[PDB]
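Every heavy atom of this structure was used, including side-chain atoms; hydrogens, water molecules and symmetry mates were not. In what follows, chains carry the letters A, B, and so on, assigned in the order in which the sequence lines appear, proteins first and then strands, with residues in each chain numbered from 1.
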Amino acid sequence: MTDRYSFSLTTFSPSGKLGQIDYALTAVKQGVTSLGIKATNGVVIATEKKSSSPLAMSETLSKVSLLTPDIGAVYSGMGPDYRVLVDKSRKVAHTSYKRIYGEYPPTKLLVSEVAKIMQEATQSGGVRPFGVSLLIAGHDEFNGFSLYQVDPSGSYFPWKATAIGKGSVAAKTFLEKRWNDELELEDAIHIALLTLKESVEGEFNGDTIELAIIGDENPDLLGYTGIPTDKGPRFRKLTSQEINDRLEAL
Amino acid sequence: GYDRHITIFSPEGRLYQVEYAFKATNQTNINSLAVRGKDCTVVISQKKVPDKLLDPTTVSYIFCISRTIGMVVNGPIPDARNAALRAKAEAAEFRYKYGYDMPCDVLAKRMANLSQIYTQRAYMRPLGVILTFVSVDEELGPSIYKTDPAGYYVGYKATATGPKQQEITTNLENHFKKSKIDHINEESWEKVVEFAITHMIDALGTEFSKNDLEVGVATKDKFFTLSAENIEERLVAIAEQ
Amino acid sequence: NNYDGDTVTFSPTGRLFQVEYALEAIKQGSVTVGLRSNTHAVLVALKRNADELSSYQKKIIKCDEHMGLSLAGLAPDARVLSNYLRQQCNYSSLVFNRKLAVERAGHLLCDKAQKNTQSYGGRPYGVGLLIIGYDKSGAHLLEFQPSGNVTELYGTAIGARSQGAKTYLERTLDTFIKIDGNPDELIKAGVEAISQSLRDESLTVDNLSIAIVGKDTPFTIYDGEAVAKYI
Amino acid sequence: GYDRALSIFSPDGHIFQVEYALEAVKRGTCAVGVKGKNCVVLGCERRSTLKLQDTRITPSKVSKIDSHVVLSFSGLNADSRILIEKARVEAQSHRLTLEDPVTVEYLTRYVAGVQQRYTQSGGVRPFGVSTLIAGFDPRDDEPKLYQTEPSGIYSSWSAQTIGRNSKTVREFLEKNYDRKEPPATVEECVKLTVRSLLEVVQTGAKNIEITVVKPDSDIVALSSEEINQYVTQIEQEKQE
Amino acid sequence: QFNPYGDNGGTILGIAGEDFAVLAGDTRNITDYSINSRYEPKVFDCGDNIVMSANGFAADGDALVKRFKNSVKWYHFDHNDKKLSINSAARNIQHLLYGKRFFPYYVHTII
Amino acid sequence: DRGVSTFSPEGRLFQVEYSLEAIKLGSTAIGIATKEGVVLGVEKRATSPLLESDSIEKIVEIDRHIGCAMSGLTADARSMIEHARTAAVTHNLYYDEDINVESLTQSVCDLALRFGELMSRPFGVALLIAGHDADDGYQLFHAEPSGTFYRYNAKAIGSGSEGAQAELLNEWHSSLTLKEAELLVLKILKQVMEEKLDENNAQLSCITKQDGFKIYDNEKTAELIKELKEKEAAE
Amino acid sequence: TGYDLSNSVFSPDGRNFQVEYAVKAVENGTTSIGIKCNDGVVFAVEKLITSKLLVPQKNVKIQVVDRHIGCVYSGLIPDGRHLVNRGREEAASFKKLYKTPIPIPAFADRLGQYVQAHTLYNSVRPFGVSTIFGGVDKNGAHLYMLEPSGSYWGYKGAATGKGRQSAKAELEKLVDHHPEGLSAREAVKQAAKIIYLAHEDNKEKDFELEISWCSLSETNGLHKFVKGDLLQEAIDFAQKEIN
Amino acid sequence: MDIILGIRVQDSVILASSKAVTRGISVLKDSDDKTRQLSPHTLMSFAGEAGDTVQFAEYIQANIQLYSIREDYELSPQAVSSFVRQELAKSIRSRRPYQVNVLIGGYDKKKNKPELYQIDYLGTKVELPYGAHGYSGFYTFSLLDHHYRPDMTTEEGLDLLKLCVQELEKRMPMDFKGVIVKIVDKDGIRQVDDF
Amino acid sequence: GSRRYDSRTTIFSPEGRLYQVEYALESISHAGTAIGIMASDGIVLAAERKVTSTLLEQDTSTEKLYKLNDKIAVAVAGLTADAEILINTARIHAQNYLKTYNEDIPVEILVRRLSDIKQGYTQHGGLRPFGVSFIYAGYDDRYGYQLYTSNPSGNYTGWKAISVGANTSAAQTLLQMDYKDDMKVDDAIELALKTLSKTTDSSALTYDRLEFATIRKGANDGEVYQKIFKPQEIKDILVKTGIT
């Protein structure tokens, strides 16, 4: 009994590749398309809710997740791997930051902690790498809005806009033609919906699309009043109805 | 080809041990089905007792996890009981730690997390089982949540599992296309059970006696399994129709 | 073949080849015989030397005043197992003021050997043991094998060419079982048994080892000039 | 903890991981020790595919273990740092408990012990390093020179070389070193050391290092010019 | 507070002659002003011609004697039935006693 | 690969058998027991003429009454000697007496099979352990990496061993004097050694009840070498 | 392939071949059975007499757990002992915490989970025994059979070892002919007959019969060995039926 | 133990440390040197609990000597004093704290300046022109406050130290058996043999 | 058991080389080139980013150049995530030293400890090595300006000028040709950029594919300043040396 696997399962091949990382990236390639776009006054992250059966309640499966009140995550690749990474990311935001400084971590640093967790699954004994690429969108007072990609290796890059998964090559090209540094948040949501339609096969509506924003503070989502400096989460998930509204003016 | 013996990625990004654990799921050759009423959640599973020497009362793939949660398993019984004991322990610990009964979906997520770990950690094999959790949750109402060896889980309007799962799934799909609603529009759990058995018969094209089935029912504040006589009573009502 | 790399691996026909190879080491070991009456139990062992300049390897080990054993195979494993038995007999005395029943001694050795057959990293013990003793239910002889199988017998033999002694004891059963209250006759029968396993070699004075335990006899070992009486 | 028996016996009775560690030593730059009547000299090759090297700060090939003992090596550089550190710690621990600095034999025996331990412990590979350990015992004027290798065996040498082409410089030393008359001076001992490296090195420009150790903690490294004086003088007497 | 020690009284006496030695002790065992036993032996034959008494707190005395007797047994097992000489027994008992230096056996030991 | 503690189909431990092959590559060591003492001798076998032969230490003291010679991977012997010395000194501390030679040897041999997946491999060195105690007198033991030890009247180990052992089989008798044993070790060493035996490439030692374990100077051994050459030329 | 070389590895058809290989070791063992009766259970086993030298009556195979449970097994005997040793630890800790002696279904799962645990890692070997066990608790009699995979069920009758098919066929006749139930004393006799009938599949060596039972009326709900007159009576009934 | 004093003058640090070792009602030694050289230009004196003092002093010495060999470099007096402070700060919350007070007198060769650090057993460090531990300060500080000047020569420093020892020998109850005096400057550490 | 699946990351080849170290070096040879050049009045660090996309946020980016303390920086060639693990360790180590001695850590001491950690992964533990090579640029009052490199073996060396990553063979040849000892920082800057310009696998060297930094005494008297160049500053210096 107990782990006899105290040795690495990811190792360098003679050509210098790390096989398991490459293969994890291949699993991400098969994954459903997800994307992020950075506007001047906000960020949008979006993905298709590829449903497994029509008997499944796809609302119960949320691909876009709140990590902190100002940071959200989406992914492409293996769903179960993503789910546990969200659990760990939420916790590490507290244990390694909020319980120390009494405030939530800035986007880059929470991203840095997730990247660390994913890197250790590439070197530690008896584990495989995570089979997901993450897109993390957030806001913090001193850096403003930001968008990050985190890959199986633990590498992360800041983006203006990008896509990952199935039709990422086509989607990145579409985003290069459309992105400028003057985009307002509502313009970015519009571009995100256009981009996603190219990669979505079947129905394209607010029940098959998942989309969240990092934007203005939402005092109506705070749950209490009386502390002026507490203004509410900047993360908001758009409802099924709110998405359909934007799809008529498409 | 050691990438097929343990849970590491193959060159095409697959986990063969997870895939082979899925094939173990059908090894018992048993089909299960779950639906929701207004007030209840019903789960039915085939009961096959091939050996005459068995005590048929001990042959079961349905488990009472907590007072409110039931679970049916598709897969070998040793792995099934492993999952059942852990789920019971987890549900009991949750209540002690947090002061309220563990919700069906939260237990499903927890078991799915444990399963995910076996797909990432080398020394633990995946369990060759699919776990369907059912309850009448105090917040969410009648609930079906299902877990697999990949560590995936999701909620369902209704669901089916086993070798002939596709037939039952399309049968249930077609009914809800017609009915236009998320559940069986029926007051009594007795009639929801009757619906469940009726649609299993049609989908599988087989008749059932009282010993060919196994039934679990979830209502507000309790999950319970039916006796052969309760099921016989139910089969009779289906026939007189 | 492909299934003999470690003890933790079953072969396709359900065999444990590492345990079987451990059994093989016993078969290469020098012959040792065990037999008993209702009043005494006797071990007889043929000792083996390296060459004409060397000593003869001891085969018999005392475990308590009322219990002891003989070995065939890997001698260091017999040292480990006999030491465990010494401790178990000792624990029984100190804690319960009770001499350890030979039967329990057998159960304890079985379970100790078994653990080495079910986990990775270890190896099975490479030694067979013949345990004799006199306890509250009389004289006893046990045969231990490193597979974990322990068996209570009237008489037996293990080691190279042990088949001859075993056949002889099987024939002589009705006679030697009733050699009560006569140590020298029980030993003589044992010496005759071990002679059925000899080949191009005969029993000499620094070759032969005998042990006896019984009703009013503590486990005592006879070596050298003290076994001339029996040659 | 990681456990694998990496150093094990093969059917012919060799420990391949120990023997392959010797191959790593054979690849390392040449190191040579020669002991005179009143000193020991340690000479070391430095490979010349590296121009743009900063020699102020680049790790020197000869290391002081204490103020009276030095250590040079051939093989994996990173491995040697671990042996050097352990030796330095033990040297101070010896001074602390015994109230006397280590003897050269003692320090060598310790280093050799560490190396041996890494040949029969689980989860570790042997050191890809052989060392030359030289100096003078406290209050003693007899020069000391020892060699260790990855297996853990160690011995005393009148003169010895290790590393690449060491078989060529051992050749030289064997026919040029008289046991009856060791180099009677520092001058003579440094010269024999430089000659032996010139059999193998190339142009003795920035290629050769020399360190001279005398009794009572008298250790000094030569500069390029001082070494170059020997190189120049050796090549003039060469034309014959 | 629990006091782990007691006093069982009794007295012992050892004298050595030219080719013999005696070790004597009374057989009374007491606590406070009561007699526990009029005959409870505290001088024991430990094998190898060694007699021993550990007098004071009887529970500690019995423990030590028991441990030493066991030591004689294992000395035979480990050193080819060699006889344990009295001087070797004495040194062995020193280590048995000193091993509990910071929680002592409350006994005057004589062999 | 395959487990380090694996049995072969013939019932022997692969690793122990392979370590025995390494011992066969070791330099020759010989021991002869007499009623006047036990003599231990070794071939030093320096790999180069520049190596100072007095630094080759293949004969070693364990206690005043116990000595030890080695053959094989000699670096493996250091921790064995360290255990032996500690075992011997510890016994004297606990029992105010000398520890028996057999008990010492049994204690060293207890280390042998303490390997697996404990150390990573068996020892690659055989020991000849020679000593005196009051119970069993002068004794010689051959300690192997199998954990087995045999008592010997005379024994050779190392590369020249099987030729040397056949020679010891003919020459040994129960009435040999110490001087006869010294000359005999030298004689058989010169036979199996590659190079010419002299006082620098071979070493002698003995253990007597009176003076304990002693390694001989090169001067003392040199005279016994001259004495051996004179006896052999004299018929 | 190579899927069968390591325990806990799934083959492409979803099987653990090492457990299946453990089953082969069980099929190689001697015959053991269990019969469930009116108010209890009866266990019996075939003991091959390898030689005259084996002391009769003195190599006991059936084992008691606590004071109310009997266990018997076929295959690798030491593996069976290991399992019972664990079962005894499990029963002791149950009684320690809850006071009441461990119920048979509870005890059944304790063994089940433990055996199943030995199919989860490559660093342990599966158990090479099938174990028939049971007894009487507050809810009546229970008989169980447990396999190397950790799979177990409740049984009316059970058999394993080399003569399992013969024994099973004979068990089915009793179940068919006695729907109302077999008595404890009758079950002992039948167990003797069945072991003799199952010995045909292992007929080279002759054998020794061993029987135990737990009955609410006959043994007061405690596990006891059948010896002496009751045992000879059962042996005679068995001899009388093969002829 | 008991008396340790220190004076930093223009070009040197001077340490004076008492010679007596007293246990019970007996003076066991009257030539004890309560000092260890940590590096060629750094000297540490010490006083406090028996056993603890020497054990700590030698432990620090071994560590600084190890550093010197590793880096082929002498650590600055400031750096050494910070290392020593941290060790004492660690110690005050261990199971059994070192009860040792030290003075560190060093000559910084990079700065060309003498430096005197006073550190107590709690790890309270302070750089001073002159320092003392225990009851010594109660007599010497006021005297030093009056006569001390920062540009004094080594000679003047020794005369000022003489005045302190004289006052201690008059008013202190215990006989501390004189002092050993050592000077730390640019040339290293030397001992005055007639005080 | 699990022996079957163990690569044995810490063993010698028959030639006496460490397989995993060699293969990690092979990995690093595909990483974007990084150059360090040491001058009499400062140090230059220059590094080429890995084939950047137009949508990458360049100003809030860090991939090649990291700050260890106020006096020491590193350029990275290899797996970035592996480097960050080691960088955070180095940052802590620097602070431990500062806390212990109240002095900034000497460059070599920091370099030795990082290199020792790398070495450990090659000798024990059975884990893959860190696929990273560093160029260390730093200043202390003992040796002044210093350059070092370390690689997956944990071997480290000091340099006047050095490259790591892709095309080090060509890059080193060019540095060896044009480097001279008396050289000032502004000359070193030019050499660094002109070297990357000639060895790059891209069509043309631009500001968006570069990270750049200098360590000068360019503040106020005996005090050292680290300048991590902003994108616009890299664009300017690229023009000022006539590469764009």
Show the numbers, then the answer: is there a side-chain hydrogen bond (donor to acceptor under 3.5 Å, both in side chains) between A/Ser155 and A/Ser153?
-> CA-CA 5 Å; A/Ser155 293; A/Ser153 61; 3.2 Å; yes
Would you call I/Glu63 and I/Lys50 a salt bridge, taking side-chain N to carboxylate O under 4.0 Å as the test?
-> no
Would you say A/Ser168's side chain and A/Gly165's backbone share a donor-acceptor pair under 3.5 angstrom?
-> yes
Can you name the one residue among I/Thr241, I/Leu196, I/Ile35, I/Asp178 that meets side-chain contact (heavy atoms from CB on, under 4.5 Å) with I/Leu191?
-> I/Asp178
So which heavy atom on A/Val43 is nearest to which on A/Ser146, and how close?
-> CG2-O, 4.0 Å
Give the table of side-chain donor-acceptor pairs shorter than 3.5 Å for residues 17-24 of chain A, with sequence neighbours excluded, one pair per line with atom names and distance.
residue, atom, partner, partner atom, Å
A/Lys17, NZ, A/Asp22, OD2, 3.1
A/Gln20, OE1, B/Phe9, N, 2.8
A/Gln20, NE2, B/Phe9, O, 2.9

Who are the side-chain contact (heavy atoms from CB on, under 4.5 Å) partners of I/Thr173, not counting sequence neighbours?
-> none
Does a donor on one side chain sit under 3.5 Å from an acceptor on the other, for I/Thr33 and I/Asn167?
-> no
Looking only at heavy atoms, the pair that brings I/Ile135 and I/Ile162 closest together is CD1-O, 3.9 Å
Below 4.5 Å, heavy atoms only, C-beta onward: do A/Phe130 and A/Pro152 meet side chain to side chain?
-> no
Residues which pass side-chain contact (heavy atoms from CB on, under 4.5 Å) with I/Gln176, listed by chain and number, not counting sequence neighbours | D/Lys51, D/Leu52
Atom OG1 in I/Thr52, atom CZ in A/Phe157: separation rounded to 0.5 Å?
-> 10.0 Å
Can you find a pair of side-chain heavy atoms, one from A/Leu147 and one from A/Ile45, that are under 4.5 Å apart?
-> yes
Under 3.5 Å: donor-acceptor pair, side chain of A/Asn180, backbone of A/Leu183 = yes
Salt bridge (charged side-chain N to carboxylate O under 4.0 Å, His left out) assessment of I/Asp186 paired with I/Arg216 = CA-CA 10 Å; I/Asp186 298 282; I/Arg216 305 165 150 282; 3.1 Å; yes
May I have the step-by-step check of salt bridge (charged side-chain N to carboxylate O under 4.0 Å, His left out) for I/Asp236 and I/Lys230, ending in yes or no?
-> CA-CA 10 Å; I/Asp236 286 343; I/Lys230 309 170 211 290; over 6 Å; no
Under the side-chain contact (heavy atoms from CB on, under 4.5 Å) rule, what do I/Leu147 and I/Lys160 come out as? Steps first, then yes or no, please.
-> CA-CA 7 Å; I/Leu147 269 177; I/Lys160 287 164 178 170; over 6 Å; no
Does I/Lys227 make a cation-pi contact with I/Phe229, if we ask for NZ or CZ under 6.0 Å from the ring centre and within 45° of the axis?
-> yes
Rounded distance (nearest 0.5 Å) linking atom CD1 of A/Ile189 with atom CD of A/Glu184 | 8.5 Å
Polar side chain donor-acceptor pair, A/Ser8 to A/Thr10, under 3.5 angstrom = no
Evaluate the side-chain proximity of I/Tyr139 to I/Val107: yes if any heavy-atom separation is below 4.5 Å, no if none is.
-> no
Rounded to the nearest 0.5 Å, how far does CG of I/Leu45 lie from CD1 of I/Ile37?
-> 9.5 Å
Kindly assign one of parallel, tilted or perpendicular to the pair I/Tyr136 and I/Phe134, based on the angle between their ring planes and the thresholds 30° and 60°.
-> tilted
Supply the atom-to-atom distance A/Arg90 CZ to A/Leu67 CG, rounded to the nearest 0.5 angstrom.
-> 6.5 Å
Taking the side chain as every heavy atom from C-beta outward, state whether A/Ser199 and A/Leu196 have any atom pair closer than 4.5 Å.
-> yes
Kindly indicate whether the side chain of A/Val132, heavy atoms from C-beta on, has any atom under 4.5 Å from the side chain of A/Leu134.
-> yes
Minimum heavy-atom distance A/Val114-A/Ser89, with the two atoms named | CG2-OG, 3.2 Å
Below 4.5 Å, heavy atoms only, C-beta onward: do I/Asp140 and I/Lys71 meet side chain to side chain?
-> no
Looking only at heavy atoms, which two atoms of A/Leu35 and A/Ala192 are closest? And how far apart?
-> CD1-CB, 3.8 Å
State plainly whether the residues A/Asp181 and A/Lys38 are in salt-bridge range, i.e. N to O under 4.0 Å.
-> no
What is the minimum heavy-atom distance between A/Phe12 and I/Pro129, and which atoms define it?
-> CE1-O, 3.5 Å
Step-by-step side-chain contact (heavy atoms from CB on, under 4.5 Å) determination, I/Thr214 to I/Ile43 = CA-CA 6 Å; I/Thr214 54; I/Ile43 302 163; over 6 Å; no
Check step by step if salt bridge (charged side-chain N to carboxylate O under 4.0 Å, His left out) holds for I/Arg209 and I/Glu48.
-> CA-CA 6 Å; I/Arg209 222 206 334 289; I/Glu48 190 178 6; 3.6 Å; yes
Heavy-atom pair with the smallest gap, counting every atom of B/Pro11 and A/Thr26 = O-OG1, 4.1 Å
So do the side chains of I/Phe130 and I/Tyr121 get within less than 4.5 Å of each other, counting heavy atoms only?
-> yes
Yes or no on side-chain contact (heavy atoms from CB on, under 4.5 Å) for I/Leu55 and A/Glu176, after CA distance, side-chain angles and deciding distance?
-> CA-CA 7 Å; I/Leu55 247 25; A/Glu176 275 168 66; 4.0 Å; yes
Test salt bridge (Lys or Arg N to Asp or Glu O under 4.0 Å) applied to A/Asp187 - qualifying residues, sequence neighbours left out | none
With A/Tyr82 via ring-ring contact (aromatic ring centres under 6.0 Å, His included) - residues at least two apart | A/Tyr75
Do I/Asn155 and I/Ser153 get their side chains close enough for a donor-acceptor pair, meaning under 3.5 Å?
-> no
Donor on one side chain, acceptor on other, I/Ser61 and I/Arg49, under 3.5 Å | yes
Distance (rounded to the nearest 0.5 Å) between A/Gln123 CD and I/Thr9 OG1 | 9.5 Å
To the nearest 0.5 Å, how far apart are CD in I/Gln20 and CG in I/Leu127?
-> 11.0 Å
Look at the side chain of D/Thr58 and the backbone N and O of I/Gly158, then say whether any donor-acceptor pair between them is shorter than 3.5 Å.
-> yes
Going through the checks in order, is the side-chain contact (heavy atoms from CB on, under 4.5 Å) test met by A/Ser112 and I/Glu84?
-> CA-CA 9 Å; A/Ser112 186; I/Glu84 288 204 19; 3.8 Å; yes
Please examine the side chains of I/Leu175 and I/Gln172, heavy atoms only from C-beta on, and report whether any two atoms are closer than 4.5 Å.
-> yes
In sequence, state the C-alpha distance, the side-chain angles, and the governing distance for I/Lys217 and I/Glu223, and then conclude on salt bridge (charged side-chain N to carboxylate O under 4.0 Å, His left out).
-> CA-CA 6 Å; I/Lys217 198 157 279 161; I/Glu223 67 181 30; over 6 Å; no
Is there a donor-acceptor pair closer than 3.5 Å between any side-chain N or O of I/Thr122 and the backbone N or O of I/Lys118?
-> no
Test salt bridge (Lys or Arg N to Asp or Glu O under 4.0 Å) applied to I/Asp116 - qualifying residues, sequence neighbours left out | D/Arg81
